[PDB]
Amino acid sequence: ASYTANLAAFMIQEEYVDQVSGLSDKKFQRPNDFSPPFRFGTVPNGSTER
Amino acid sequence: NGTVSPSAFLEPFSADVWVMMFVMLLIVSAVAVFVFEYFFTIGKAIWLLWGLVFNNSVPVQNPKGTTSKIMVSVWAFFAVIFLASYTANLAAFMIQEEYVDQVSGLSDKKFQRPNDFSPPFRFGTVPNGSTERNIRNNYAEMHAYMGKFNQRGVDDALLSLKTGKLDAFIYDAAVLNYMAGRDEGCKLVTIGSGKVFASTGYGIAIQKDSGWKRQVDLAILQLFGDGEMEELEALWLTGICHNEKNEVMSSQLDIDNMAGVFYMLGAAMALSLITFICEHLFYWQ
Amino acid sequence: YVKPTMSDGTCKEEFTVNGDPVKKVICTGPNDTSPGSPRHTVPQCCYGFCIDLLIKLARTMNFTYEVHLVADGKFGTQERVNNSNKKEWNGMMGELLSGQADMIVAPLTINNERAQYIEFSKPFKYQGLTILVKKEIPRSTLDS
Amino acid sequence: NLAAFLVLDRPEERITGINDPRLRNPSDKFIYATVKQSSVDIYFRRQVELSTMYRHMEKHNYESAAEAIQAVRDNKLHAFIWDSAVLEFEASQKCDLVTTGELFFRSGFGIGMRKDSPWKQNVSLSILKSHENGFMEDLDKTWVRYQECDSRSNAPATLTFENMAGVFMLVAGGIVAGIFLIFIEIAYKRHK
Amino acid sequence: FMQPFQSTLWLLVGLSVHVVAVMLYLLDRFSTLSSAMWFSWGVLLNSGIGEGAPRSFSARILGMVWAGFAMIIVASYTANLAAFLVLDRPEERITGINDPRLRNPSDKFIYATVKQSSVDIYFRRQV
Ligand SMILES: *[C@@H]1O[C@H](CO)[C@@H](O[C@@H]2O[C@H](CO)[C@@H](O[C@H]3O[C@H](CO)[C@@H](O)[C@H](O)[C@@H]3O)[C@H](O)[C@H]2NC(C)=O)[C@H](O)[C@H]1NC(C)=O
Ligand SMILES: *[C@@H]1O[C@H](CO)[C@@H](O[C@@H]2O[C@H](CO)[C@@H](O[C@H]3O[C@H](CO)[C@@H](O)[C@H](O)[C@@H]3O)[C@H](O)[C@H]2NC(C)=O)[C@H](O)[C@H]1NC(C)=O
Ligand SMILES: *[C@@H]1O[C@H](CO)[C@@H](O[C@@H]2O[C@H](CO)[C@@H](O)[C@H](O)[C@H]2NC(C)=O)[C@H](O)[C@H]1NC(C)=O
Ligand SMILES: *[C@@H]1O[C@H](CO)[C@@H](O)[C@H](O)[C@H]1NC(C)=O
Ligand SMILES: *[C@@H]1O[C@H](CO)[C@@H](O)[C@H](O)[C@H]1NC(C)=O
């Protein structure tokens with residue numbers, strides 16, 4: 001009983017999604033090392049692109 | 001704090017589960033005995049099958065017509081899903097929050113004659129009050145009861161309510177809301193949303209025939225129409241605990257909280273009594 | 001509370017739990033079923049909060065009265081008079097400022113405009129404001 | 001897992017009131033409005049911060065409160081903002097209507113006409129006289145609090161058999177096996 | 001373990017098992033005293049103790065309802081302990097500016113700032 005209760009309690013976790021730590025995230029620099037490669041982009045002619 | 005409904009155990013499932021379990025029991029017992037006929041069981045079938053769909057707490061003489069073992073195993077599958085769903089749904093029903101139906105109003109049937117209830121509901125307030133004047137002018141019996149349970153202050157009734165020496169307090173709305181707002185335990189509430197006797201407000205006294213009366217009334221009405229009373233009232237004449245209550249968890253569960261099953265327990269003996277007659281008059285067959 | 005009457009102009013003399021007969025008044029109500037339909041004043045049975053409130057007032061200070069319902073059935077505020085260049089009242093206070101009816105008995109709020117136009121007495125009944133929905137039938141959604 | 005599945009499936013949605021996220025924007029899905037050209041109209045005309053919802057109002061407004069509650073009875077106009085007393089009266093009568101959250105605009109209704117009339121003082125006299133004899137409570141017990149189906153028991157939804165009807169036809173499959181395995185019984189003697 | 005069910009409940013069930021065992025023995029007398037109580041008290045624990053079968057339909061229904069109450073009690077307790085432990089959330093996650101504890105000087109919860117700093121005049125703007 002205690003097992004089926006406590007584990008069920010542990011199963012009520014909420015969606016976390018560790019997101020990306022920052023622009024300098026190791027995954028960000030070399031996404032091709034991961035399957036599938038992480039794809040990012042934006043509109044050109046921008047100061048961000050500069 | 002609230003309580004648990006004694007008959008809440010049957011709340012998850014209506015009589016549908018009763019009729020379905022009985023009809024499936026009879027049909028699969030007929031099928032099992034018909035299968036056994038191809039190779040004594042018509043009596044033990046009910047015991048075996050209900051033990052299968054219910055709990056493997058009693059050993060059963062199940063192995064008969066090994067091909068029907070598939071049917072009795074899917075029977076046990078029905079068991080292992082039904083028990084899970086029951087223990088889940090009932091637990092969900094048990095997460096109720098404290099309700100406390102409070103008192104409907106001053107004219108509540110319980111209020112007029114609390115002596116008919118055990119224990120009698122006790123209410124009182126400080127004398128020499130306009131509330132006592134109205135109660136004396138309108139309700140003599142409740143006025144006498146208030147005299148029986150007279151008070152002498154505001155906070156003494158509060159502590160009596162906290163410690164259970166007093167059941168309720170009668171007073172205006174504003175100061176009671178103020179007292180309840182800053183309470184650390186939030187163990188005091190007033191109900192009615194303004195459902196009170198002698199509905200009155202705070203009328204500003206004015207010298208007779210003063211010309212300002214109309215225009216100043218129009219100004220305070222403009223304030224009333226400016227929609228600023230909410231935050232100022234929250235800041236000044238209320239407290240932090242006016243949002244809502246909380247989902248309290250029950251204390252040590254007592255028998256009465258599930259008293260319905262106890263009722264069925266009694267019924268069990270009733271049934272056995274009938275079967276006792278079947279033991280005393282079994283000489284006909 | 002308005003109900004149609006028989007050819008006698010009256011209707012069922014209802015009572016209460018303790019046997020007290022519900023006070024009935026005869027109200028001359030225009031037939032405002034649809035805009036454009038025969039809208040003419042017919043005798044009807046009237047009873048309700050304002051009805052017994054005014055009968056209590058009549059019992060207290062001993063006046064005589066008549067009761068009837070408005071034609072358009074609408075509150076009334078400062079609105080343009082048929083796309084003209086004039087913003088005036090309508091509804092109860094629209095015809096009250098015109099002198100049609102003497103006194104108003106109805107549960108009307110007191111905003112700034114009609115208060116500027118006409119003063120009001122003490123609020124006989126307090127009130128607040130709430131949204132109303134037809135709840136929802138408790139149903140657990142899941143497949144199997 | 002099934003426990004967590006069914007218990008975590010809460011019904012929606014309990015409207016908070018003024019602080020409703022749905023109230024902060026014209027809800028194209030959830031239909032709510034008020035009686036066109038009424039006191040609430042100028043109330044919202046004072047606070048045109050609701051102006052967006054204001055031009056959501058006429059697109060679904062109603063010309064009477066009676067047809068408004070009639071719409072509330074059926075699919076269109078799921079929600080209607082109105083005074084507390086009428087709405088709780090209809091809620092007690094029909095036993096399937098609920099009030100909001102906390103109430104706002106804690107106003108009063110009294111009586112007033114043209115200024116050529118000191119009758120309003122006698123009106124105040126009568127209201128205080130009935131405060132000294134309990135007559136508005138008579139009106140309340142006659143009309144407002146006439147008992148009338150005090151609804152309660154807001155269960156967190158239940159489970160029914162038709163929701164599980166699917167699992168039931170599984171045994172029908174075994175019923176089919178009642179006409180198949182019993183020939184395999186003879187086949188057990190046929191093969192050898 | 002006792003948080004779901006009270007010592008009164010424990011005594012209640014521990015006496016009811018003996019009562020139903022006595023009734024079962026009395027029923028089996030009419031066409032097994034130690035074996036019957038052993039079987040019933042094992043059924044209380046959903047154990048494979050006691051292998052005999054009822055000798056009458058009356059004993060059948062009696063042990064039937066006994067086992068029914070036994071498992072309904074065990075299901076009720078497992079659910080009750082589940083609700084007990086899952087509903088025991090830790091406290092308290094401070095919201096920030098909108099903390100009820102922030103709206104008043106918390107004598108219990110000790111919180112302050114560095115004396116005579118930027119936040120001091122920040123709070124001196126909003127007194
Ligand atoms: C900044 O980046 C662009 C630099 O040229 C500029 O114009 C964009 O140019 C690309 C590459 O020539 C065009 O992509 C292709 O679009 C269609 C494909 O179907 C072809 O007809 C074009 O000839 C071209 O090959 C983009 O369409 C074009 N973008 C636009 C909006 O015309 C971008 O405009 C610049 N962006 C900003 C925000 O200033
Ligand atoms: C309104 O009610 C009271 C009417 O007399 C008034 O004085 C209170 O009188 C009662 C009854 O005489 C006192 O009760 C007893 O108190 C002690 C008991 O130990 C005795 O010494 C007294 O003689 C008396 O028998 C109350 O103590 C007394 N109350 C006070 C505050 O002195 C109340 O004061 C009036 N209340 C208000 C709010 O105006
Ligand atoms: C309304 O205004 C006042 C309030 O009652 C009434 O003045 C009273 O007049 C009566 C005789 O008519 C006197 O006996 C009272 O002493 C007065 N009372 C007060 C408080 O002024 C006035 O009569 C009322 N108006 C009508 C039409 O009755
Ligand atoms: C709940 O309230 C009751 C009174 O209704 C009180 O006796 C009990 O101690 C309260 N429980 C807790 C945990 O404070
Ligand atoms: C109110 O009292 C006056 C004064 O006697 C009386 O004439 C009248 O009949 C009463 N009410 C009315 C206006 O009928």
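Please read every residue number as a count from 1 along the shown chain.
For this deposited structure, the header notes the method as electron microscopy, 5.4 Å.
From the backbone N, Cα and C atoms, a Cβ is placed for every residue, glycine too.
Look at C:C45 (disulfide bond): DSSP puts it in a strand. Less than 8 angstroms from the CB of C:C45 (disulfide bond) sit C:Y1, C:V2, C:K3, C:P4, C:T5, C:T10, C:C11, C:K24, C:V25, C:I26, C:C27, each of them six or more residues away in the same chain. Summarising the annotation, Swiss-Prot assigns disulfide bond to C:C11-C:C45 (among others).
Per Swiss-Prot, disulfide bond is recorded for C:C27-C:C46 (among others).
Under the DSSP three-state reduction, C:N31 (N-linked glycosylation site) is assigned to coil, being neither helix nor strand. On its own chain, C:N31 (N-linked glycosylation site) has C:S37, C:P38, C:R39, C:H40, C:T41, C:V42 as residues at least 6 apart in sequence with a Cβ closer than 8 Å to its own Cβ. What Swiss-Prot records for C:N31 (among others) is N-linked glycosylation site, and it gives experimental evidence as the kind of evidence.
Proximity of C:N62 (N-linked glycosylation site) to non-local residues of its own chain (separation of 6 or more, Cβ distance below 8 Å) is seen for none. The N-linked glycosylation site annotation in Swiss-Prot covers C:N62 (among others).
The N-linked glycosylation site feature in Swiss-Prot is assigned to C:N82 (among others); the stated evidence is sequence analysis. Summarising the environment of C:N82 (N-linked glycosylation site), the number of other Cβ atoms within 10 Å of its Cβ, over all protein chains shown, is 6.
Geometry remark: C:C46 (disulfide bond) versus C:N82 (N-linked glycosylation site), CA distance 33 Å. Counting other Cβ atoms within 10 Å of each Cβ, the disulfide-bonded residues C:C11, C:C27, C:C46 show the lowest value at C:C11.
In this set, none of the recorded positions among C:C11, C:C27, C:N31, C:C45, C:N82 has a C-beta falling under 8 Å from a C-beta of chain E. Only C:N62, in sequence order, out of the recorded positions C:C11, C:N62, C:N82 have a CB under 6 Å from ligand 5.
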